[PDB]
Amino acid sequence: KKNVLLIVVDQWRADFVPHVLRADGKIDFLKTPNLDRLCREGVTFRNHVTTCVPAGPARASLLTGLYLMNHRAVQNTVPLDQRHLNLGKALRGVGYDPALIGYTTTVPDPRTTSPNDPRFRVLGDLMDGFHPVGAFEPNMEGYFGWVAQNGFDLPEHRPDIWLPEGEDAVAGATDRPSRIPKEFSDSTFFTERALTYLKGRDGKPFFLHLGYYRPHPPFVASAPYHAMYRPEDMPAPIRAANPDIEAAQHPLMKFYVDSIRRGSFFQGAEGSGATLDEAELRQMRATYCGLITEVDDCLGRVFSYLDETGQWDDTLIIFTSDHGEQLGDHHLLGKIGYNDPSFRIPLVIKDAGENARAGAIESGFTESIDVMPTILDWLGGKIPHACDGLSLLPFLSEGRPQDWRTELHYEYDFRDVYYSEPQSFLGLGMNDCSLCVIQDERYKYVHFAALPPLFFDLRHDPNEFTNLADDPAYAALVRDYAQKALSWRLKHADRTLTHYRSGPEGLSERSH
């Protein structure tokens, strides 16, 4: 039997992975023993990125194997064209039920449904082609129903379960637990769904997308996770001397430094993200780590079931996140812009049976578009023609292919959506609000469609504080990176039908 468990957490940064911290002789300041098991048994990818943010775009890339340039689900609230083949439909093509827990944050194609469809009132709903066995549901109704049915009385505004405990609590970064017990947390919910699904399968081959919401905000944790980590033990946020000097690097930086609000990160909180002080940021980070360890605890329950039923060694397990989180870096909160911490994400893969490269940490450059092709390759399917990504399976056996990519790529589109509208500030039209990034071990280039470009020397400036793009002494380098990214664009134009040929012998296909 072959099973696939695709664990997709939300908003979990690549530098919050203990196996890699320990590899580099850093303090592993959070605990994730179950993720650590996967790392010991599998391959940990240390230069993995999501190809776009935030959740909608990122999950479109993950679940289609396409760049944002191809999928066009460019922001939350923007439709995903039905024409793209997604992992759910592809899994049906190899005889697998595409069972899904969590959410995909997918807006339907308006050509396919009524303009009155309630799916158009929310950020996104379930992507067509999956089989939902544990949905969050829009407005988290699935979760809240489950809490209510478990007999826990909810407040009148149900997200107020995430206010810190106590009538006197000040909303924001907090050393108080949330107002929801651990047993009724969202992470418990998703886990119970997983266990229910796996028990229903009763040994039959499975695919399961196991989605967790955490550590997405609000940054508040059920007891005792809220108190598990000390703020002084957390890595310091990396940021310029003040928000104004930060914002000076680029107009998009300025937009987000100015506009991000604390209430988008802590339930009920007032004020700007940028004005959080170091102590507050450290508490936030400790809470974030609490959330992370709550997921890991829950994963241990899923893993225990696989072990007890003798399915662990038959399961390909992929752990990843949809995207990262600034976590105060550069005066930002969230997953926006162009900085590494918004895009870099974990990826750990444990093959079936004893893995050839168990415990290895891979520096080859991998992108979230690669995960769908990997899964399909593993299950013996054809990788669709149209995918931009490649299978990672060679990494599990012999290593990085000679001809593998030599740069990481990602994209961000910041056109106006109902809750964040930078266009007027920036002076831009809707189709001119994007950027792409290309990077390697040495240099990072950020190319904006209609704003200035950025270029960082990552050996000297690993935290991206010193734009060099407009320095004449760097002209040849910036040229070279603009040129690599331009080649990337041309190599990734849509491939739907481009292998077909008419000719004297009729319709054919080209394979090379």
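When you see a residue number, it is the position in the sequence shown, counting from 1.
Averaged over their C-alpha atoms, the temperature factors of 62-70 and 452-460 are higher for 452-460. For the two regions 290-298 and 263-271, the entry's Cα B-factors average higher over 263-271. Per the deposited coordinates, the residue with the largest Cα temperature factor out of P231, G88, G337, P181 is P181. Looking only at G389, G328, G166, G364, the residue with the top Cα B factor in the deposited structure is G166. Ranked by Cα temperature factor within the chain, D480 sits in the lowest third according to the deposited record.
Among the modelled residues of the chain, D186 sits in the middle third by CA temperature factor in this PDB entry. Among all modelled residues in its chain, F152 ranks in the highest third by Cα B-factor. Residue-level temperature factors show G42 in the middle third of its chain, judged at the C-alpha atom. In the PDB entry, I369 places in the lowest third of its chain by CA B-factor.
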